[PDB]
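*Asks:* When you get a sec, could you give me coordinates for this:
(2 chains, ligands or ions: 2)
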2 protein chains.
Amino acid sequence: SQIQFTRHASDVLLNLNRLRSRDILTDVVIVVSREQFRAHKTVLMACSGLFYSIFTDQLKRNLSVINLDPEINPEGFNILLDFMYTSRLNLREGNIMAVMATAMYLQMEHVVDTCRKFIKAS
Amino acid sequence: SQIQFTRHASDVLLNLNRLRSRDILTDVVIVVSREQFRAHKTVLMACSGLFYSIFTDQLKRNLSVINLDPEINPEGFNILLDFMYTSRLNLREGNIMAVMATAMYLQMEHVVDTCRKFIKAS
Ligand SMILES: Cc1cc(-c2cn(CC(=O)Nc3cc(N4CCN(C)CC4)ncc3Cl)c3ncn(CC#Cc4cnn(C)c4)c(=O)c23)cc(C#N)c1O
Ligand SMILES: Cc1cc(-c2cn(CC(=O)Nc3cc(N4CCN(C)CC4)ncc3Cl)c3ncn(CC#Cc4cnn(C)c4)c(=O)c23)cc(C#N)c1O
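*Replies:* Residues are numbered from 1 along each chain as shown, chains lettered A, B, ... in the order given. Ligands and ions are numbered 1, 2, ... in the order given. For reference, the structure is listed below:
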């Protein structure tokens, strides 16, 4: 019987992306080959099976640095990070295979399936 | 030209509420009279002008405990906290004045205006 604010969740994510752009309360750096990305652990846990599994582990929950597999493409990672914080996925012919492989590794099924839909359309 | 995932933001907030229910990566306790509430600073900053102003201050950004004004009703706070994490506002005749006063103090205009709409309807 509660009142539903349909734009609230979208506004919260917007605000979390603004804090990320200002490096406010970021608590991890993700290292992908020669590139570094700062983020909020909670948002990464909320959007990725890989990060959920890492940071739920009491052994790894306080890490300040995560080194991803050196095979991961930093641009594919960056696209996925931006998607976690915006709900927008920048999929194109030139990036679809890297994005799909990165989303498999991060354990992000809806993106992987969208990549399979993009492949069906091209 | 990016693909839009319309349920992503709602799913991220759901996941943040689940982490809050498990006390995973909570980093503050909010003290309201004889009651305590654990939360994520980022989510509080994203939803409240008062918490944004507190935690953006480099003086207060690392506090682990915030004591709210002792005049604030813990039940009104609890309703607002649950709203931050769910997009659902439990407004009723018996709680509207406390919720409205608490939302003014937390600096949450859309809730305050919804309380004014609820007042117009009753
Ligand atoms: C919002 C959003 C989320 C995810 C995603 C997040 N997470 C981590 C995770 O669920 N977090 C949490 C889960 C839970 N509860 C607890 C209660 N329960 C009942 C349900 C889950 N409580 C708190 C938190 Cl934080 C995911 N984990 C796994 N997968 C499956 C996979 C895969 C895959 C693809 N290929 N390969 C090789 C593997 C996910 O897709 C996700 C992905 C996208 C996308 N796109 C997206 O938009
Ligand atoms: C999603 C959601 C948010 C808010 C709310 C949040 N915040 C804190 C805040 O904006 N955070 C951030 C802001 C920004 N940018 C930076 C860029 N810019 C251009 C815009 C703002 N970047 C990062 C972060 Cl984290 C708010 N601050 C102030 N008010 C106004 C007020 C008031 C009031 C009512 N009575 N009284 C006495 C005062 C707010 O309503 C909010 C409220 C509700 C509700 N309901 C809600 O659903």
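
*Asks:* The most centrally placed residue in chain A sits in which helix or strand?
*Replies:* With distances taken as C-alpha atoms, centre = their mean, residue A:81 lies nearest the centre of chain A, 3.5 Å away. Using DSSP states H and E, residue A:81 falls within helix A:74-86.

*Asks:* Give me the phi and psi for residue A:63.
*Replies:* Main-chain dihedrals, residue A:63, degrees, to the nearest 10: phi -60, psi 140.

*Asks:* I figured it hits residue A:30, correct?
*Replies:* No - Residue A:63 sits out of contact with residue A:30 when judged by C-beta atoms under 8 Å, with a separation of 10.5 Å. Every residue, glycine included, has its C-beta placed from N, CA and C.

*Asks:* So for those two, which sits in the more crowded spot?
*Replies:* Higher neighbour count among residue A:63 and residue A:30: residue A:30, with 19 against 15, using other C-beta atoms under 10 Å in any protein chain shown.

*Asks:* can stretch A:37-45 be found next to ligand 1?
*Replies:* Yes - Stretch A:37-45 reaches ligand 1 (C-beta under 6 Å from any ligand atom) through residue A:45.

*Asks:* How far does that stretch sit from its chain's centre?
*Replies:* 8 Å (C-alpha atoms, centre = their mean, to the nearest Å).

*Asks:* and what of stretch A:99-119?
*Replies:* Centroid separation between stretch A:99-119 and its chain, computed with C-alpha atoms, centre = their mean, is 12 Å.

*Asks:* and residue A:75, how many neighbours does it have?
*Replies:* As a burial measure, residue A:75 scores 16 neighbours (other C-beta under 10 Å).

*Asks:* wait, it sits on residue A:101?
*Replies:* No - counting by C-beta under 8 Å, residue A:75 does not reach residue A:101; the two are 11.6 Å apart.

*Asks:* Which residues are in contact with residue A:44?
*Replies:* For residue A:44, the contact set (C-beta atoms under 8 Å, 6 or more residues apart in numbering or on different chains) comprises A:28, A:30, A:51, A:55, A:84.

*Asks:* returning to what we had before: show the contacting residues for the residue nearest to the centre of chain A.
*Replies:* Contacts for residue A:81 (C-beta under 8 Å, 6+ apart) come out as A:30, A:37, A:39.

*Asks:* how deep is the closest residue to residue A:48 other than its chain neighbours tucked in, by neighbour count?
*Replies:* Sequence neighbours aside, residue A:106 is the residue nearest to residue A:48 in space, at 4.3 Å (criterion: C-beta to C-beta, 6 or more residues apart in numbering or on different chains). Neighbour count of residue A:106, defined by other C-beta under 10 Å: 23.

*Asks:* you'd agree residue A:106 is up against residue A:49?
*Replies:* Yes - judged on C-beta under 8 Å, residue A:106 makes contact with residue A:49 at a distance of 7.2 Å.

*Asks:* just the residues of chain A that are near ligand 2, which are they?
*Replies:* Within chain A, the positions near ligand 2 by C-beta under 6 Å from any ligand atom are A:5, A:8, A:11-12, A:15, A:18-19.

*Asks:* Pipe those into CSV and attach neighbour count per row.
*Replies:* Output for the residues of chain A next to ligand 2, formatted as CSV (neighbours: other C-beta atoms under 10 Å in any protein chain shown):
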residue, neighbour count
A:5, 17
A:8, 23
A:11, 15
A:12, 23
A:15, 16
A:18, 13
A:19, 21
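
*Asks:* how about CSV for those, with distance to ligand 1 added?
*Replies:* Output for the residues of chain A next to ligand 2, formatted as CSV (distance: C-beta to the nearest ligand atom, whole Å):
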residue, distance to ligand 1
A:5, 19
A:8, 16
A:11, 16
A:12, 13
A:15, 17
A:18, 19
A:19, 18
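
*Asks:* For the residue in chain A that ligand 1 sits nearest to, give its distance to residue A:105.
*Replies:* Using C-beta to the nearest ligand atom, the single residue of chain A nearest to ligand 1 is residue A:49, 2.8 Å away. As judged by C-beta to C-beta, to the nearest Å, residue A:49 and residue A:105 stand 10 Å apart.
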